[PDB]
Structure formats: C-alpha cells, structure tokens
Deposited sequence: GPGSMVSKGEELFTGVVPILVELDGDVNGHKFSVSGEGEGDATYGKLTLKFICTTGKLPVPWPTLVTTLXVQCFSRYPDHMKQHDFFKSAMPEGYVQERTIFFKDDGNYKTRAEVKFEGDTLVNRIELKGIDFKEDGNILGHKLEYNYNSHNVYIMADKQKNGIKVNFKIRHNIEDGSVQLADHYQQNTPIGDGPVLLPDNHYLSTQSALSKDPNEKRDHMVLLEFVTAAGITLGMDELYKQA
C-alpha cells in the first residue's frame, strides 16, 4: 500500500524535456535530451531552441526545464515525494515573478513514458519590459547554487515549494526570480508527504562546440537535506 517509485531511479535513467513557450507573444519551443542518476543527484542534459533564437535568456528557463533526480539520503527516503509519484508522475505548477519585470506561469507533467523520464511543459510569460533584463538579454550565461524549500500540502496530497533564484546581471547587480511552486500526483496511488526540508542545488551551464542552434548544455547536482533524524 506504499509507492515503489523510488526503485525506478536506482540507475541511470534517460530524460526527455519538451517546452512550449510564449513570452509577451514571442513563441518558442525547446527540446532537451540527456540522462539522470539520482544516486548522485546528477543531471546531464542538452537543450536546443528548435524554432530559432530563444527570446529570453537561457538561465531564466533552467528551473522550468525534474526534481525526482534529487539525491535523497538513505535516512530521508520517506520524504521523497517526487519519486513516490512515479511512474504515473506529477503535475508541477509554478509562477515565477521577476522583480520589477514580468512573470512566467508554467504547468508541466513529469512522468515515465516507457523507460524514459519525460518533462512536458507549457510556459506563458506576460508583462515583461522589452528593454528589461529578460527580453533585453542582459543576464549572464551562468548559474548560482540555491536552496529549495519543500513543504507538505496535505490538502492537495502533494507539496508546496518556494525558493528565490538570483540571476547575475552583466553589469553589477542581480535579477531576482521568486518561485512559487506546487506539485500534485497524477495517479491515484500512494505518495510520500514530507516533513519540511530543503534541496541544495548546483548548476553549470556551457555550450556544445559543434552546435550551431541556440542551445544550453547543463550539468546539475541536487541533494536533499535538513532532516537529521536517523543520521
């Protein structure tokens, strides 16, 4: 009567990501491919804008473009909601508020299709300033480490997730992106509702020297922590 979804992540799992985007009426599509290894919290992915030039900076899409690949230590396994929803998956909803600028709303389904973990997203961005840091492409091509705060939402049989992303501006300052996130299971099976805890994230962005399309190569490591009982 308990989920066994964690067993789907004991080894390397192939990933596909598909994003349909519209920001201030600027439409785009992004595809990602790679693999994930939850035993080390490790993601290896390459993303391509298949429709032309990406109308927003790649860093602003990183959070939108699979937290089931977080490493949950053995003493925290009962707090891993993301894997417990698998293989049927979960819906991931966000609003991302860019300080003094527009917001992204995103709705994704994350689930297994065959042997592959697939993240399928729709993104809508509104109220951006064409001369701001996003539509004006003023953000550095890099990424910082963050803390992601996870809380149970028992009434929705899911979780609430809150965190702040800081995008370095190419001049000096930082662009804040305030993330409000909700995850709910797609299936009717049992899920794990966690005690409060956090994920520690680290992301490296690079380019493929042979790729002529607009693209992003991403290497990411994420480990859950903050529950000390049983260490």
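Student: Which parts of the deposited chain sequence are absent from the coordinates, listed in sequence order?
Tutor: Unmodelled stretches, in sequence order: 1 to 4, 70, 237 to 243.
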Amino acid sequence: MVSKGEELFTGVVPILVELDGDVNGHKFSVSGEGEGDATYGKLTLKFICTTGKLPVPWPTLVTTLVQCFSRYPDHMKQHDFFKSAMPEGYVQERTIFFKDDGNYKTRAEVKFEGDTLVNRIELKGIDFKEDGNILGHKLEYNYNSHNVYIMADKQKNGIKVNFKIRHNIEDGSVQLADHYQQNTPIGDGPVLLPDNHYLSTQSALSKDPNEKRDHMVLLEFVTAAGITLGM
From here on, numbers count along this sequence of modelled residues.
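Student: So, looking at the entry's B-factor column for Cα atoms, which has the higher mean, 142 to 150 or 122 to 130?
Tutor: Between 122 to 130 and 142 to 150, it is 122 to 130 that shows the higher mean C-alpha B-factor.
Student: Tell me which stretch, 153 to 161 or 113 to 121, has the higher mean Cα B-factor listed in the entry.
Tutor: The stretch with the larger average C-alpha B-factor is 113 to 121.
Student: Highest Cα temperature factor in the entry, among the options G41, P57, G32, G189: which one is it?
Tutor: Out of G41, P57, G32, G189, the record gives the largest C-alpha B-factor to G189.
Student: State the tercile, meaning the lowest, middle or highest third, of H197 with respect to the CA B-factors recorded for its chain.
Tutor: Its C-alpha B-factor, which the entry lists for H197, ranks in the lowest third among residues of this chain.
Student: Please place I96 in the lowest, middle or highest third of its chain by C-alpha B factor as given in the entry.
Tutor: Tercile = lowest for this residue's CA B-factor.
Student: Compared with the other modelled residues in the chain, in which third is the CA B-factor of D178?
Tutor: Bottom third by C-alpha B-factor.
Student: Can you tell me which third, lowest, middle or highest, the CA B-factor of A85 falls into for its chain?
Tutor: Its C-alpha B-factor, which the entry lists for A85, ranks in the middle third among residues of this chain.
Student: Would you mind checking where the Cα B-factor of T64 ranks among the modelled residues of its chain, as the lowest, middle or highest third?
Tutor: Lowest third, going by the recorded CA B-factors of the chain.
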